[PDB]
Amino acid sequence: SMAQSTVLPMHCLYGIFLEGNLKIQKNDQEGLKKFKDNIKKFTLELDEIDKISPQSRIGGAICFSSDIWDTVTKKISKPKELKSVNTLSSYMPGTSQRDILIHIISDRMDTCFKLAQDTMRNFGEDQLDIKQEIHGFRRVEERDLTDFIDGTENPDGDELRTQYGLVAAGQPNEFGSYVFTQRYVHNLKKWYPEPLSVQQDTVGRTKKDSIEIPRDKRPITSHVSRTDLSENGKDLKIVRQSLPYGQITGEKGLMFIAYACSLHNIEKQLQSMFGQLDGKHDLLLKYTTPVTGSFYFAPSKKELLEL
């Protein structure tokens, strides 16, 4: 009946991203029982935080890779499109498929961090080998560190975000979501001196107001031209929850994350951006570099608790 709580809500101010590998082996029934109790604790603490701090608009999801699926469940069918993002390594840099993603969103860092910290203490280092912990935060005017607004054409509202973000009702794994994460490191030393016309050509929208540059006036390699894709007259939209991260005086960029009803909607955009559809690359990739990457599936709340 219900999805996990990171897909439909919009405009979170904070996000914590924990990605890593499961240390419990396939035959360890007691370890897997403890693992699933820690999953239940996560869902219970989400509800408790929502009750105590409604202003947080808290959300959270636990998501699983195709390689770990048969370790964590023998009951739930593996989502039919799920595969390792490492299969894209021949053309997309930075792939680093992990077993598990925990994504937590909030309008307050204190409750975002509380849920993240309590969850990591529950699972513990003996269950999860955490490879990446990212503290994302929204900036003024929802701008990415390129200083373009990020989110203008993100689908709005529960109806469209259910349509594009969640597996359809009646289908196997209904109300789950395919998930893609990818940490980008921005080269702002290179980007900042670029003329405004170059920056707008690169993105495909105007910088101040995020007005779309007419298709016939912007490069086919502009970011918007690379990612605004359709098949059979139907748009391949996705639900993005990306946030800025990092140090002003150090490494910084965009922690990209997308949720989708079909992995194909995400993968086709990756083929477009990274040169597999027409041999051409996204202009944005001259200024930013992906350094991690993973595909997951976030089960419905029911299937999460029935693994």
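Sequential numbering from 1, following the sequence displayed.
Higher average CA B factor: 203-211, of the stretches 203-211 and 107-115. With 68-76 and 220-228 compared on mean CA B-factor from the PDB entry, the stretch scoring higher is 68-76. When the Cα B-factors of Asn187, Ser177, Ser89, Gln132 are read from the PDB record, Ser89 comes out highest. For the set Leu145, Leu82, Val140, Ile102, the PDB entry puts the maximum C-alpha B factor at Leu82. When the CA B factors of the chain's modelled residues are split into thirds, the value for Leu285 lands in the middle one.
In the PDB entry, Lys234 places in the highest third of its chain by CA B-factor. Placement of the Cα temperature factor of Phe42 within the chain: middle third of the modelled residues, per the deposited record. In this PDB entry, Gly136 carries a Cα temperature factor that places it within the lowest third of its chain's modelled residues. Per-chain ranking of the deposited C-alpha B factor places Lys252 in the lowest third.
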